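Under the numbering used here, read the sequence shown as residues 15 to 84, first letter to last.
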Amino acid sequence: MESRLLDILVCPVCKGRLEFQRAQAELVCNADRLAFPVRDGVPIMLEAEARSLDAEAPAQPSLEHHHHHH
Numbered sequence: 015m016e017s018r019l020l021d022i023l024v025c026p027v028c029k030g031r032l033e034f035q036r037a038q039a040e041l042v043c044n045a046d047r048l049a050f051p052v053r054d055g056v057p058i059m060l061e062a063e064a065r066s067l068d069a070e071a072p073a074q075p076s077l078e079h080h081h082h083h084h
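See the structure below:
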């Protein structure tokens, strides 16, 4: 038998096919509401270090009047 398929990556937990978006470059787990981020070529298939549609990543780099130059 000859196999064709465009099915390369399924969710390692739910076994649901990943949904490749180009917003933040994410593979959305279309059942768990998760999204594995593709960090320019390298996809992070780690759920804890990925992003969710329920839980976004809060990133605000030090809101402070910090002394610089010297």
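Where is the CB? At the ideal position from N, CA and C, for every residue including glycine.
In the structure shown, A62 adopts helical secondary structure according to DSSP, grouped into three states.
For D68, the CB contacts under 7 Å within the same chain, skipping 5 residues up- and downstream, are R47 in chain order.
In the three-state scheme derived from DSSP, where H, G and I count as helix and E and B as strand, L77 is classed as coil. Three or more Cβ pairs closer than 8 Å define a contact, and the region 34-49 falls short of that threshold against the region 73-80. By the beta-carbon neighbour count (other beta carbons within 10 angstroms, threshold 16), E40 is buried.
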